[PDB]
Every structure is written in structure tokens, then in C-alpha cells.
Amino acid sequence: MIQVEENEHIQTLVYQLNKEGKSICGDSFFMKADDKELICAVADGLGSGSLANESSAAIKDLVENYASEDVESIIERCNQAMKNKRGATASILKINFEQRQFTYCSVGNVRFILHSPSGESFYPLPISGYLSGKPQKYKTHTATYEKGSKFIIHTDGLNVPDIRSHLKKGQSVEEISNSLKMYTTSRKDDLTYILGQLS
Ligand SMILES: [Mg+2]
């Protein structure tokens, strides 16, 4: 499944495909852009079956409902919802277009890379553990992006040797998605990513 969106400030693409032979996806995402801001999130539930989905879906729902809150507030609501669930790894990104500012918070192995035309990339290491409902010490990143920046948020189903290179070379989110096609054919795990290109 691919879904694309565009406005004056960003173009996005969401790709999601299940593990080969698996009916219920354990990954979830949420994406919403208006003329002023973007909210998005990607999550990968622990365990299997309906229980992995229950966990990542709870995140999708909370990010949509609480989108106006700061990322660390949203992720903490997500953490509380994991109590008595399998838990999930997750990443939450908010962008304010007028300021060209983004904020980011994550726990676990859902990765985020933002590539600047200047050749700088924001590429945090994964934070160990997962959202389990137990106490977290969140790390929130706040920074300015330059026009022309491109980014990806992806679950562990996408395993690419040099993701930065794909972002640098691609001229649109459709091109970057096509550039990643060889990593999507095996379907060893659920695979979810969100691409963005920022004006
Ligand atoms: Mg996974």
C-alpha cells in the first residue's frame, strides 16, 4: 500500500507491506499535514498477531487524537497505553512549516533520518528498549531544517546499507520510494516507511 500527499510545504509518501503470508500487520502509522504543520508517527508492536497490532494501533490513535501536544507529551500517553499490552517501538515527528522547525522523540528501533541539501544528516541512534508502560527518560530533539531537506522514518522491516544515499539522490518522494524497491521484495518482516520532501 502506498499513499501520497502534497501541499505547498511538503510532499509525503507512506509505504506499508506485510510480512510474506501474514494477514495482520504489526506496524502502524499516522500522517496528517495541513498548511501549517505536520504530525506523523510510525510504530512496530511487540509480540505477534492481533496483540502486536493492538499496541501499534493504540499509538496511531493517540497520535491522531493528541496531535496538538508536544512530541514528548504524546509519546508518554503512548507509553501509558502500553501497560497491559505487548508494547511497541515508536517514533513521533512534528514539523512547523513557517519556522522550518521539527521536533522528534522515539523509543526503540524505528529509525529517522533527515538529510539536508548541505550534506548534513540528522540520524540519531536507536534508543534501547520499547514503550512498555514503565517509566522512560525521553530524549526530544528540536532543530531547524533547510528548504530541500528530505527524510525517512522506517520500521526494522526496511534494512538498507546506506539510506542517506537514497535520500540525497532522489528528487521526489516517489523517486526515493522507487530507489528503495530492492529492499521491499523479500517481505521478511512487516515494512513501513514514511518519506518526506520539504520546501
Ligand atoms: Mg518489525
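Residues numbered from 1 in each chain as written, not as in the entry; some residues may be left out. Heavy atoms only, no water.

### A closer look at the packing of helix α1 (residues 49-65) against helix α2 (residues 71-81)
Phase 1: The contact between α1 and α2 brings their axes to 9 Å, and the two run at 145°. Once α1 is placed against α2, the crossing between them reads as right-handed. Contacts between α1 and α2 pair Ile-59, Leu-62 and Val-63 from the former with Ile-74, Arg-77, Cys-78 and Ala-81 from the latter.
Phase 2: The residue makeup of the contact of α1 with α2, split by class, is six nonpolar, no polar and one charged. (Axes fitted to C-alpha atoms, helices over the stretch in contact; angles between N-to-C directions. Helix = DSSP H or I, 4+ residues; strand = E, 2+ residues; numbered from the N terminus. Left-handed = near helix turned anticlockwise from the far one by under 90°. Contact = heavy atoms within 4.5 Å. Nonpolar A, V, L, I, M, F, W, Y, C, P; charged D, E, K, R; others polar.)

### A closer look at the nonpolar core
In summary, soluble globular proteins display a tendency toward joint burial of nonpolar side chains.
Phase 1: One finds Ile-59, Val-63, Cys-78, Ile-92 and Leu-131 to be the most contacted residues of the largest nonpolar core, which totals 22 residues.
Phase 2: When residues of this core are traced back to their parent elements, those giving at least two are β4 (37-45), α1, α2, β5 (88-96) and β6 (101-107).
Phase 3: For this core, the leading source of residues is α2, giving five residues.
Phase 4: With 21 residues, the next largest nonpolar core counts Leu-93, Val-110, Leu-114 and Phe-151 among its residues. (Core = buried A, V, L, I, M, F, W, Y, C linked by side-chain atoms within 4.5 Å. Buried < 20%, exposed > 50% of the residue type's maximum accessible area, 1.4 Å probe, protein only.)

### Topic: α2
Phase 1: Buried within α2 are the following residues: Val-71, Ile-74, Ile-75, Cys-78, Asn-79 and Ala-81. Along the axis of α2, the buried residues cluster in a sector spanning 160°; they form a single face.
Phase 2: Buried residues along α2 sit against β4, α1, β5, β6 and β9 (140-144). (Arc of directions from axis to C-beta.)

### With respect to unusual backbone geometry
Phase 1: A positive phi angle, close to 45°, is found at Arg-100, a residue other than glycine.
Phase 2: Note on placement: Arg-100 falls in the loop between β5 and β6.
Phase 3: Phi at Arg-187 is positive, roughly 50°, even though this residue is not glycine.
Phase 4: Relative to the assigned elements, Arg-187 resides in the loop between α4 (173-179) and β11 (191-198).

### Concerning the coordination of the magnesium ion
Phase 1: Every protein donor of the magnesium ion is accounted for by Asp-44 (OD), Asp-156 (OD) and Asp-189 (OD), and the metal-donor separations fall at 2.0 to 2.1 Å.
Phase 2: Mapped onto the sequence, the residues coordinating the magnesium ion show the spacing D-x111-D-x32-D. Taken together, the residues span a long stretch of sequence, with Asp-156 in the loop between β10 (150-154) and α3 (163-169) and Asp-189 in the loop between α4 and β11 at a distance of 33 residues.
Phase 3: Note on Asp-189: relative accessible area 25%, which makes it partly exposed. (Donors = N, O, S within 2.8 Å, 3.2 Å for Na, K, Ca; no water.)

### Details of the packing of aromatic side chains
Phase 1: Under the criterion given, the structure shown has seven aromatic pairs.
Phase 2: Between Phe-102 and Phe-122, the aromatic rings sit 5.7 Å apart at their centres with planes inclined by 45°, giving tilted as the arrangement. Note that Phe-102 is positioned in strand β6 and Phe-122 in strand β8 (residues 121-122), a separation of 20 residues in sequence. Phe-122 matches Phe-102 in its accessibility class, with the two residues each being buried.
Phase 3: Ring pairs connect the aromatic residues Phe-102, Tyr-104, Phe-112, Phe-122 and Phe-151, which therefore count as one cluster.
Phase 4: Across from the ring centre of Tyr-66, 3.7 Å away, lies the NZ or CZ of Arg-77, which sits over that ring. (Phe/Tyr/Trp six-rings, centres within 6.5 Å; stacked < 30°, edge-to-face > 60°. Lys NZ or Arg CZ within 6 Å of the ring centre and 35° of its normal.)

### So, a negative patch on the surface
Phase 1: Where like charges cluster on the molecular surface, the negative patch consists of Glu-8, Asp-34, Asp-35 and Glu-37.
Phase 2: With respect to the element layout, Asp-35 can be found in the loop between β3 (27-33) and β4. (Patch = residues over 30% accessible without salt bridge, like charges linked within 9 Å, V, L, I, M, F, W, Y side chains within 5 Å. Areas by Shrake-Rupley, 256 points an atom, 1.4 Å probe, with all protein chains shown as cover. Salt bridge = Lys/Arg side-chain N within 4 Å of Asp/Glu carboxyl O. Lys, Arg positive; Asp, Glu negative; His and termini not counted. Charge placed at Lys NZ, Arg CZ, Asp CG, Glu CD.)

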